[PDB]
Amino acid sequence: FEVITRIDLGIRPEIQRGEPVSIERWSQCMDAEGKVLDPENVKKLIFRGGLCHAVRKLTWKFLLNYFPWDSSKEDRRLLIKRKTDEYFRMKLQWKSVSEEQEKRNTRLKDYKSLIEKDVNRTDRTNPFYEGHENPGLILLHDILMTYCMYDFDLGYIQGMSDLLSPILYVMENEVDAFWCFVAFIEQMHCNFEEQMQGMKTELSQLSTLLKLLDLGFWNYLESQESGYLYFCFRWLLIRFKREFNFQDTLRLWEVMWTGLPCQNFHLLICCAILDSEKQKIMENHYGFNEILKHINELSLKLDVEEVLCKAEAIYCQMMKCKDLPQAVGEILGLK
């Protein structure tokens, strides 16, 4: 990819972020039948400004494909009844397993133990999941176990509880959170498969983008044998959840789930975060262990909307570049 030396990315444009969607604004977007008037427009609005927390319960169901965009209120009433029966049907499958039975099913037994390890260790500082006997933690367990019946090949992989946690918090319904969680995992599903590709593929795509953006930073990582980027693993896997506040995570996910501006936006978000730290890493001659240390110290110290601006800015800077390597163009979906 030495075509990147003869390329030029001139100027990073300034991005104007915008304002979150109010209850008022959403009401204009929904029809009297309950239909979303212009779903592509809605996505445009959610992308720049995000969503206010009140409307977040209903709108997330659309973003996460639980509620189809072309659907009406009557469509939904029938849909919810179907999804609910289907949910408790599956829940019964793990919940009716006996003590004798569980010993003789090792993969279920093992999934079950991973869930308990991860659920009792989850955001215990957050008011939803903190309590003597917390209802939310029980739902966390139940929703995850039911997912193992839904997809048994996948079952549970550590970190999936961190992915469900915000969704349950917004939804507050066991069934609703489940089906939203399902859709959230399906887009990423490759990441969690036994041989993790899409953790590898996404990390490869990330390296390809960084090669074009800062070539020297890419080379320095190769010098330290950090070229495959494992300091970004937790970023991509948990979708930055560990790197932001709960309320922060909610906005970051909202904006991403619109699927704008390009096909993989989360990769540019990695670039946006890394862009500011490029010098500090190279100057100090860190190396892998020290780099992981520097990035771990970025946690909770990051500004969401600065990140979302840089990420969008890098996209504009790229799409406006007329000569672009096809390798990069395919990742963003410009080809």
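In case it trips you up, residue 1 is the first one in the sequence shown, and so on.
Regarding 222 to 230 and 173 to 181, which shows the higher C-alpha temperature factor on average in the entry?
Higher mean C-alpha B-factor in the PDB entry: 222 to 230.
Read off the CA B-factors in the entry, average them over 19 to 27 and over 320 to 328, and name the higher stretch.
According to the entry, 320 to 328 carries the higher average C-alpha B-factor.
In terms of CA temperature factor as recorded, identify the highest of 265, 257, 129, 88.
When the deposited C-alpha B-factors of 265, 257, 129, 88 are compared, 129 is largest.
From the list 166, 198, 159, 155, select the residue with the highest C-alpha B factor recorded in the entry.
Most elevated C-alpha B-factor of the set, per the entry: 198.
C-alpha B factor of residue 62, ranked within the chain: lowest, middle or highest third?
Answer is middle: the recorded C-alpha B-factor places it there.
So where's residue 69 on the chain's Cα temperature factor ranking, which third?
According to the entry, residue 69 has a C-alpha B-factor in the chain's middle third.
Lowest, middle or highest third of the chain for the C-alpha temperature factor of residue 117?
Tercile = middle for this residue's CA B-factor.
Sorting the chain's modelled residues by C-alpha B-factor, tell me whether residue 96 ends up in the lowest, middle or highest third.
For residue 96, the deposited C-alpha B-factor lands in the lowest third.
Taking the values exactly as deposited, rank residue 102 by C-alpha B-factor within its chain and report the matching third: lowest, middle or highest.
Ranked within chain, residue 102 CA B lands in the middle tercile.
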